[PDB]
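The form deposited in one PDB entry is given below as one chain in structure tokens.
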């Protein structure tokens, strides 16, 4: 289906490398020309998962950090869409790991919330701030703790992510872990230093928020 009013963006999105090759070779201006969504062929190649097209456009020296009018860089799209190899090629040409889009999210945020384990690692080995804050002051860790992604939490802890940052509602990963009753997640979090003292904007500690057989477990865990 047609996703763009610019031909090169449609060839890019659909996998039509050879046609794209011949087109841009004819006019090298097409590789950086933008469409209705301010996207180049690089953006649409990132979206569709056409690694070989990405590599061709990168060889050409297309800028690799240009944001579509939603704020999304190629690295945002690749990370969200789960294109392991494309993310690799993007970090290979110095793609800005910490770029942010209109909503305030970095690529890692999309990696963490969609469980792109290999891509998260690649962003983090690549210098992504693990404590990057969205527009609600929420972190990759908030997402992982809230969604119960144990694998992702281990990844984030290893890369020195904080566990004691407050979102605009004043909750820390541990608050959320507790609130959605994430069993191991909250245990693993207080074992690696998640505080039982910080107050969300309801005077509530993570202890208070905790439900059932937990809550005081995170106090018999910290006084054992």
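The term rigid core refers to the maximal set of C-alpha atoms that superpose within 1.5 Å between the two forms. Numbering follows the first chain given and starts at 1.
Legend: mean Cα B-factor per stretch from the PDB entry, 5-13 versus 18-26; the higher mean is in 18-26. As listed in the deposited structure, the average C-alpha B-factor of 185-193 and of 151-159 is greater for 185-193. When the C-alpha B-factors of 70, 198, 165, 46 are ranked from the entry, the top spot goes to 198.
Although not depicted, the form deposited in another entry is the subject of the following passage.
Taking the rigid core as fixed, one finds a CA shift for residue 201 smaller than 2 Å between this form and the one not shown. With the core held fixed, residue 27 shows a CA shift of 2 Å or greater between this form and the one not shown.
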